[PDB]
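Student: First the structure, then my questions, so here it is.
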Amino acid sequence: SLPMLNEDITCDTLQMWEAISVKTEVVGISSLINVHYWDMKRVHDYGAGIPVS
Amino acid sequence: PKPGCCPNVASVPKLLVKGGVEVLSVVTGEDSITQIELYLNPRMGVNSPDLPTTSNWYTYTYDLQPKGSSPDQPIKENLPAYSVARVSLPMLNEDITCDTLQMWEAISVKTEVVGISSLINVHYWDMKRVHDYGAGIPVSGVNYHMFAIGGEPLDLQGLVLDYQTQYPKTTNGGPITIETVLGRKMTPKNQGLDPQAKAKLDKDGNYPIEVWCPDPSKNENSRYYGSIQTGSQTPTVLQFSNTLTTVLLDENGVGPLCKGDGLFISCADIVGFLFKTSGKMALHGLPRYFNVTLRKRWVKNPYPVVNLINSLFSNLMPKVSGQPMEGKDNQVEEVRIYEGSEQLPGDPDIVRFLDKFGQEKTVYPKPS
């Protein structure tokens, strides 16, 4: 939610919020290497599970 | 570019767009002229052609007869109807510091009845013969056409011919009558006009001609032309041309103002009875063509916006279900007002009030 912000009436002008540079990152990215898990299907016999892909 | 070595022509208003409906969005200058063309298929009891079996007759009623015993009741598709079309308009700029807005206004309406050459089909495969072993009797008798251009929809009042007859009430979008718009069962007082039976029209194929007529009491922003000529097999003469332009200004000098930026066209047309060999006859309409011309005109806003916008919100103006402070049972008892200061009056029990004219007047205490 964005606040009210002062308008004008002589020039019929007003203010609006404008985004300029969004920054982003995935915050759950190092949980992807959780190979040990009680249901992950192994690559072969006595192996590790194949990780999430 | 030499004027003396090249001929000159007259000055004609420049075309800017010619196309469909989606070019009303064009930002024009302060002084433009907009021509818009319409057409209205009449709703003669059969409202739509998409129906599988009942679209055998389009713009025809279904072979109406008198009943023979009171009370009569017609079918939904028995009575004819009007035809309305709110054409869209663009929104136009304003000027808040001088409190003026501009808005559309019609000036000239050109009209013509298309399909007027489809009357002479005297070899129709169900049309009855006027003389035995001969040709067919053409469409004739009752004709009725009434169009209406305007910035607001029409105001039209209940004028039934027999109050005792009952009409099919609206179970789902049905034709509404006096008893639907008022709710109470209709009196014989509405055989003639009755000022507690006004209505506006919003549904095109649902308001019947038979009880409803355009009442010229409240139609300051809608002009309408109409003609009746009624009888059994009377001739019907209608001229049509490409050069009759109806000017539509007022005595004051300005035409209809399209308030709300809608131009409410309104139309109905009946041209004749077609007769059938069995004897059944039916009303048949025709569609009309319109060429209404618009021009942008400045007005003055009568409603102060700052006095108006506060009344709308619940948070900015709270309404509360308190005890009654105006009306018949007002508990607010006495209210004074003080303005300026004069010299000391005779007694503080004296009472003043402003008169009808608007000057102060010390009223005199009479015994009671």
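The way I read the labels, and the way they are meant: chains A, B, ... in the order of the structure tokens, residue 1 as the first residue of every chain, and ligand 1 as the first ligand shown, with later ones counted on from there.
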Near chain A, meaning an atom within 12 Å, which residues of chain B appear when counting only C-alpha atoms? Write them as a ChimeraX atom specification.

Tutor: /B:93-99

Student: Using only C-alpha atoms, which protein or nucleic acid residues come within 12 Å of residue 30 (chain B)? Drop anything in the same chain fewer than 6 positions from it, and give the result as a list in words.

Tutor: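 Near neighbours after the sequence-gap exclusion: residues 92, 93, 94, 102, 103, 104, 295, 296, 297 and 298 of chain B.
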
Student: Tell me which protein, DNA and RNA residues are within 9 Å of residue 85 (chain B), counting only C-alpha atoms, leaving out same-chain ones fewer than 4 positions away, and put them as a ChimeraX atom specification.

Tutor: /B:40,204,263-267

Student: Counting only C-alpha atoms, what is within 12 Å of region 359-364 of chain B, bar same-chain residues fewer than 3 positions away, as an mmCIF file with C-alpha atoms, in the first residue's frame?

Tutor:
```cif
data_model
loop_
_atom_site.group_PDB
_atom_site.id
_atom_site.type_symbol
_atom_site.label_atom_id
_atom_site.label_comp_id
_atom_site.auth_asym_id
_atom_site.auth_seq_id
_atom_site.Cartn_x
_atom_site.Cartn_y
_atom_site.Cartn_z
ATOM 1 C CA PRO B 345 -32.428 44.980 22.096
ATOM 2 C CA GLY B 346 -35.626 45.386 24.043
ATOM 3 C CA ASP B 349 -37.033 36.951 24.416
ATOM 4 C CA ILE B 350 -37.693 38.836 21.150
ATOM 5 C CA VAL B 351 -37.676 36.706 18.026
ATOM 6 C CA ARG B 352 -36.771 37.648 14.461
ATOM 7 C CA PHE B 353 -37.021 35.623 11.264
ATOM 8 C CA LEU B 354 -36.382 36.374 7.620
ATOM 9 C CA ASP B 355 -39.462 36.859 5.463
ATOM 10 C CA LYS B 356 -40.285 35.538 2.009
ATOM 11 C CA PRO B 367 -51.122 36.608 22.841
#
```

Student: Which residues are near residue 23 (chain B)? Cut-off 12 Å, only C-alpha atoms, ignore same chain within fewer than 2 positions. Put them as an NGL selection string.

Tutor: :B and (16-21 or 25-28 or 34-36 or 88-90)

Student: Store the residues of this selection in a file with C-alpha atoms, as a compact mmCIF listing (two decimals), in the first residue's frame.

Tutor:
```
# COMPACT_ATOMS: atom_id res chain seq x y z
CA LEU B 16 -9.64 13.48 -40.81
CA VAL B 17 -10.95 9.93 -40.25
CA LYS B 18 -13.38 7.73 -42.11
CA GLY B 19 -13.88 4.31 -40.61
CA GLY B 20 -15.69 2.17 -38.07
CA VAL B 21 -16.74 2.72 -34.49
CA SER B 25 -11.03 7.99 -29.63
CA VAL B 26 -9.19 10.51 -31.84
CA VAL B 27 -7.98 13.59 -29.98
CA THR B 28 -9.37 16.51 -31.97
CA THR B 34 -18.33 14.75 -35.72
CA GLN B 35 -20.74 12.86 -37.96
CA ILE B 36 -21.85 9.43 -36.76
CA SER B 88 -20.69 5.58 -26.91
CA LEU B 89 -18.87 8.89 -26.81
CA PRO B 90 -15.32 9.80 -25.75
```

Student: One number please: CA of residue 289 (chain B) to CA of residue 112 (chain B), in Å, one decimal.

Tutor: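 It comes out at 5.4 Å.
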
Student: Fewer than 4 positions away in the same chain doesn't count, so skip those; otherwise give me all residues within 12 Å of region 21-29 of chain A, counting only C-alpha atoms, as a PyMOL selection string.

Tutor: chain A and resi 33-34+52

Student: Just how far from CA of residue 262 (chain B) is CA of residue 100 (chain B), in Å to one decimal?

Tutor: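 Between CA of residue 100 (chain B) and CA of residue 262 (chain B) the gap is 18.8 Å.
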
Student: Taking only region 108-210 of chain B into account, list the residues labelled strand (DSSP E or B) by DSSP (computed from the backbone), as a PyMOL selection string.

Tutor: chain B and resi 108-113+127+129+136+140+143-150+155-158+198-200

Student: When you draw a straight line from CA of residue 209 (chain B) to CA of residue 256 (chain B), how long is it in Å?

Tutor: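 CA of residue 256 (chain B) lies at a distance of 24.0 Å from CA of residue 209 (chain B).
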